[PDB]
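What follows is a set of notes on a single structure, which appears directly below.
2 protein chains.
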Amino acid sequence: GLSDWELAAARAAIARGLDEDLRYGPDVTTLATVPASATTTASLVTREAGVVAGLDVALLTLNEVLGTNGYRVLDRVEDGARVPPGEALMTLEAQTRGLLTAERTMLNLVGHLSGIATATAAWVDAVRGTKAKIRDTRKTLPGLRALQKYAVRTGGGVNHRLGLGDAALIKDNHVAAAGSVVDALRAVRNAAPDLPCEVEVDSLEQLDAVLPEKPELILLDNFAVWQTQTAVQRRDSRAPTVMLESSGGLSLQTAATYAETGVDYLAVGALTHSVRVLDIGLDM
Amino acid sequence: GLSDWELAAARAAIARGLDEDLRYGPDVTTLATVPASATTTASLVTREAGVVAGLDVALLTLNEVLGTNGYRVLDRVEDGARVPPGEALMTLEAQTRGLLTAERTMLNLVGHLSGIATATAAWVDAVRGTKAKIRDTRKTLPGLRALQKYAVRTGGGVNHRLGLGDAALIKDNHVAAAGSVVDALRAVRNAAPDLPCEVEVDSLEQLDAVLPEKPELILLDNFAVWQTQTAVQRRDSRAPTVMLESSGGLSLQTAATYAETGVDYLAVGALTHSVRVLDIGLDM
Ligand SMILES: O=P(O)(O)CP(=O)(O)O[C@H]1O[C@H](COP(=O)(O)O)[C@@H](O)[C@H]1O
Ligand SMILES: O=P(O)(O)CP(=O)(O)O[C@H]1O[C@H](COP(=O)(O)O)[C@@H](O)[C@H]1O
Ligand SMILES: O=C(O)c1ccccc1C(=O)O
Ligand SMILES: O=C(O)c1ccccc1C(=O)O
Ligand SMILES: [Mn+2]
Ligand SMILES: [Mn+2]
Ligand SMILES: [Mn+2]
Ligand SMILES: [Mn+2]
């Protein structure tokens with residue numbers, strides 16, 4: 002499921018999580034109430050409906066606390082599964098002390114990632130019957146980019162760039178510094194001709210100015226729906242190969258409206274910066 | 002503003018943030034569009050109203066990217082300031098290249114921490130005229146506990162425990178393993194007699210059972226307002242010294258209603274697990 006750098010990202014996050022929990026001493030309450038030889042069957046069950054993501058991270062949290070041979074998975078659901086309230090995402094058998102200590106860290110990761118995949122899916126359903134794909138941004142939390150990114154993919158969106166040197170994206174602050182969108186575009190092309198180039202426009206005027214330069218993608222920043230319609234109309238007639246991406250004034254209520262204008266992508270920051278946790282509990 | 006461990010935490014977070022942005026190559030678009038000698042005056046300004054928190058983290062991000070003597074702060078607001086849309090939280094003068102590279106990492110942190118402080122303050126205002134204090138939980142994001150915990154305090158909340166060995170808290174799964182709340186309570190009392198003890202009850206029945214044991218705090222889990230009122234009446238008559246904390250079915254709409262019952266605290270998970278970013282931009 003997770004790739005190598007995602008897996009490594011997950012391990013680093015679960016380690017930071019456990020360290021936050023354990024740095025003040027051991028789990029005194031678990032140690033005191035449950036014997037070392039105790040063993041139970043527990044299930045991660047959703048208190049609500051949504052799309053599940055990050056189940057492997059649950060397994061990595063246990064590997065860290067109990068060791069690979071410290072637990073047994075009697076059953077599990079697959080990442081990306083649409084799930085109702087009360088559904089058992091995974092049933093385990095493991096040393097009780099290990100589960101009570103690992104509980105919060107593992108639940109915190111799975112609820113966050115599931116919350117993103119559940120949101121992402123909402124957006125994906127909203128623009129169904131359209132050609133628009135939902136994309137994320139770099140408005141991710143430090144240390145969780147690979148995981149948050151993985152989660153939007155699980156819900157059906159498509160990742161944008163993972164970093165700064167990943168692809169070029171000429172922003173308002175660059176244009177300001179370069180003095181002109183076409184100047185900046187030209188500069189980026191000359192410096193990194195092999196790198197994907199996206200140019201951000203703030204108006205129909207700038208839009209007209211960059212279409213002839215034929216950048217890979219144009220990001221329509223904070224365009225009203227009527228302006229997005231015009232943009233697509235101009236792109237379609239003047240530079241059929243330029244992809245258009247809406248970003249800025251996007252809400253789930255307007256997603257379809259923008260998608261219907263014919264844009265190729267909707268870039269949603271909310272997907273990673275304003276996530277509502279999917280409520281999950283560990284039941285014994 | 003930030004303490005030593007919070008500072009070390011911020012530093013670790015900013016470093017993980019920058020590494021995510023730079024691991025694919027340098028900021029190609031900035032290097033190409035802005036000269037090394039470029040310098041600007043920039044401001045972090047809110048696109049929305051809210052409470053500000055995490056400004057020092059912005060500075061720490063610049064120290065890391067431009068070095069201490071790489072910039073100058075012409076003006077700044079204090080953490081915890083209630084702020085309107087379009088307010089300039091901090092005005093800097095710095096090398097342009099350094100700002101554009103630091104921008105996203107610093108913005109993502111300040112936005113996150115401010116979103117938390119903004120939400121916390123809404124809860125705090127909600128229970129105003131009551132004696133209840135708003136507290137957080139361990140439902141924090143991995144690697145960000147110290148910072149998230151710092152933010153609820155900036156918003157007016159009061160921190161709960163920071164980890165597992167920090168204070169004792171008997172939960173449902175412990176009760177399940179110990180076979181009883183009173184059993185579990187007795188066990189913890191024997192193991193860590195010097196440690197603060199909080200026990201979680203799911204019913205007025207368990208409440209009656211633990212009140213005589215006189216634990217430090219009792220967490221009323223998912224009680225209706227009427228049950229919360231009853232519990233306050235029983236506590237007041239049977240164990241005046243026992244503090245009560247509501248946690249579970251809390252919404253900002255009901256906050257005051259529960260606070261009015263006379264409980265000492267409201268423990269809010271949403272404060273740290275479902276945060277809506279405060280929208281902030283770097284304007285040059
Ligand atoms: O408002 P700006 O001057 O364009 C600065 P900003 O840091 O917002 O720039 C980015 O944010 C938007 C990302 O999706 P969302 O809006 O949902 O968060 C998009 O406008 C981006 O180029
Ligand atoms: O539903 P449970 O069986 O009590 C498991 P859970 O992990 O929810 O247990 C904790 O969550 C609540 C925290 O505040 P919030 O609800 O806002 O997130 C509270 O019930 C806690 O003891
Ligand atoms: O994070 C951003 O500012 C952003 C917002 C929208 C599209 C893409 C990006 C990006 O840089 O990849
Ligand atoms: O994270 C939790 O389950 C939690 C929830 C509410 C209060 C306190 C805690 C805690 O363990 O400190
Ligand atoms: Mn933008
Ligand atoms: Mn914006
Ligand atoms: Mn609970
Ligand atoms: Mn719950």
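Residue numbers (full-length UniProt numbering), protein chains in the order written: chain U, 2 to 285; chain C, 2 to 285.
Beta carbons are placed, not taken as given, at the ideal position from N, Cα and C, and that holds for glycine.
Whole-number beta carbon distance between residue j and residue i, since they are thought to touch under 8 angstroms
i: U/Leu114; j: U/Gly51; result: No, U/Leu114 and U/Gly51 are not in contact; Cβ-Cβ is about 11 angstroms, not under 8 angstroms.
i: U/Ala185; j: U/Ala193; result: No, U/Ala185 and U/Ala193 are not in contact; Cβ-Cβ is about 13 angstroms, not under 8 angstroms.
i: C/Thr31; j: C/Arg98; result: 5 angstroms
i: U/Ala188; j: C/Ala33; result: 5 angstroms
i: U/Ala120; j: U/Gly156; result: 7 angstroms
i: C/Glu199; j: C/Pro213; result: Their Cβ separation, rounded to whole angstroms, is 16 angstroms, which puts C/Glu199 and C/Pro213 out of contact at 8 angstroms.
i: C/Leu205; j: C/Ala232; result: 7 angstroms
i: U/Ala39; j: U/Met107; result: With a Cβ gap of about 18 angstroms, U/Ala39 and U/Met107 do not count as contacting.
i: U/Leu170; j: C/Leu142; result: So it is not a contact: roughly 26 angstroms between Cβ atoms.
Cβ-based neighbour list, residue i, same chain, cut-off 7 angstroms, excluding 5 preceding and 5 following
i: U/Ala147; result: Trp6, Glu7 and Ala10
i: U/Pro86; result: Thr47, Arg48, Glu49 and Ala50
i: U/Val226; result: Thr258, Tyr259 and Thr262
i: U/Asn70; result: none
Option nearest residue i by Cα separation, candidates the options
i: C/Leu165; options: U/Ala16, U/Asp20 and U/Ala14; result: U/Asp20
i: U/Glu49; options: U/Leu90, U/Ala33 and U/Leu23; result: U/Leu90
i: U/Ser248; options: U/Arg235, U/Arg236, U/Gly68 and U/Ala133; result: U/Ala133
i: C/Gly2; options: C/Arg73, C/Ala13, C/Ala43 and C/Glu79; result: C/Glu79
i: C/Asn109; options: C/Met285, C/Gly158 and C/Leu279; result: C/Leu279
i: C/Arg154; options: C/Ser181, C/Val182, C/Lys172 and C/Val125; result: C/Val125
i: C/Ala152; options: C/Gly282, C/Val202 and C/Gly81; result: C/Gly81
i: C/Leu61; options: C/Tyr259, C/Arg17, C/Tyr25 and C/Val35; result: C/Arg17
i: U/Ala37; options: U/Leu283, U/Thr102 and U/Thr138; result: U/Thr102
i: U/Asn64; options: U/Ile171, U/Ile15, U/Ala43 and U/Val84; result: U/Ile15
i: U/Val202; options: U/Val269, U/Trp227, U/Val182 and U/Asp195; result: U/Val182
i: U/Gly282; options: C/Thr258, C/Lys140, C/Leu23 and C/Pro241; result: C/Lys140
i: C/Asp22; options: U/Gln207, U/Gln234, U/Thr138 and U/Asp173; result: U/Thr138
i: U/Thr255; options: U/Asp237, U/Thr229, U/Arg235 and U/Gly68; result: U/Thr229
i: C/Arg105; options: C/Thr69, C/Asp28, C/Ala39 and C/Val211; result: C/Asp28
i: U/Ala240; options: U/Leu221, U/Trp227 and U/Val211; result: U/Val211
i: C/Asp57; options: C/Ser4, C/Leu163, C/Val84 and C/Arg83; result: C/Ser4
i: C/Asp209; options: C/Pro197, C/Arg235 and C/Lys150; result: C/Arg235
i: residue 287 of chain U; options: U/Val66, U/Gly158 and U/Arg24; result: Residue coverage of chain U in this structure runs from 2 to 285, which leaves residue 287 of chain U outside it and unanswerable.
i: U/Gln207; options: U/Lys172, U/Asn160 and U/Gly144; result: U/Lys172
i: U/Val35; options: C/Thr242, C/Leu221, C/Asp195 and C/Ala177; result: C/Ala177
i: U/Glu246; options: U/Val66, U/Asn160 and U/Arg190; result: U/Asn160
i: U/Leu221; options: U/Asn191, U/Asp195 and U/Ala268; result: U/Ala268
Close beta carbons around residue i, own chain, < 8 angstroms, minus the five adjacent residues each side
i: C/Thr41; result: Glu94, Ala95, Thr97, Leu100 and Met285
i: C/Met244; result: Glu217, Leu218, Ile219, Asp265 and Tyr266
i: U/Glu88; result: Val46, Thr47 and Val78
i: U/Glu261; result: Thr131
i: C/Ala123; result: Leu253
i: C/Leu75; result: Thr42, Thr92, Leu93 and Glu94
i: C/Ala13; result: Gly144
i: U/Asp237; result: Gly263
i: U/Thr242; result: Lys215
Chain-order list of residues whose beta-carbon lies under 6 angstroms from that of residue i (same chain, five-residue window excluded)
i: C/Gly116; result: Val276, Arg277, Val278 and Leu279
i: U/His175; result: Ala185
i: U/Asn223; result: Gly249 and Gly250
i: U/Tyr72; result: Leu63, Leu93 and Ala95
i: C/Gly270; result: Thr138 and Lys140
i: C/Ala168; result: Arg162 and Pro197
i: C/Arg83; result: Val52
Legend entry - Residues within the segment 105 to 129 of chain U neighbouring chain C, beta-carbon criterion of under 9 angstroms: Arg105, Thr106, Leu108, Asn109, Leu110, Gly112, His113 and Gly116
Inset, instruction - Please name the residues in the segment 204 to 228 of chain C whose beta-carbon is closer than 7 angstroms to at least one beta-carbon of chain U, in chain order. - result: none
Legend entry - Pocket of ligand 5 defined by Cβ to heavy atom distance under 7 angstroms: U/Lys172, U/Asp173, U/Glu201, U/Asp222, U/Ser248 and U/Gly249
Inset, instruction - With 7 angstroms as the C-beta to C-beta threshold (strictly closer), list the residues of the segment 166 to 193 of chain U near chain C in chain order. - result: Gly166, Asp167, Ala169, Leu170, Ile171, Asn174, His175, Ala177, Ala178, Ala179, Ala185, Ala188, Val189, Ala192 and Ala193
Legend entry - Chain-ordered list of residues that sit, by beta carbon, closer than 6 angstroms to a heavy atom of ligand 8: U/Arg48, U/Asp280 and U/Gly282
Legend entry - Interfacial residues, the segment 37 to 66 of chain C to chain U, with Cβ spacing under 7 angstroms: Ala39
Inset, instruction - Quick one: which residues of the segment 139 to 153 of chain C get their C-beta closer than 8 angstroms to a C-beta of chain U? List them in chain order. - result: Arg139, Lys140, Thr141, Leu142, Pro143, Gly144, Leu145, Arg146 and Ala147
Legend entry - Contact set between the segment 9 to 28 of chain C and chain U, restricted to residues whose Cβ is under 8 angstroms from the partner: Taking 8 angstroms as the cut-off between beta carbons, the residues of the segment 9 to 28 of chain C near chain U are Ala14, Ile15, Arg17, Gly18, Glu21, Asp22, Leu23, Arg24, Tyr25, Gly26, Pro27 and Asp28, in sequence order.
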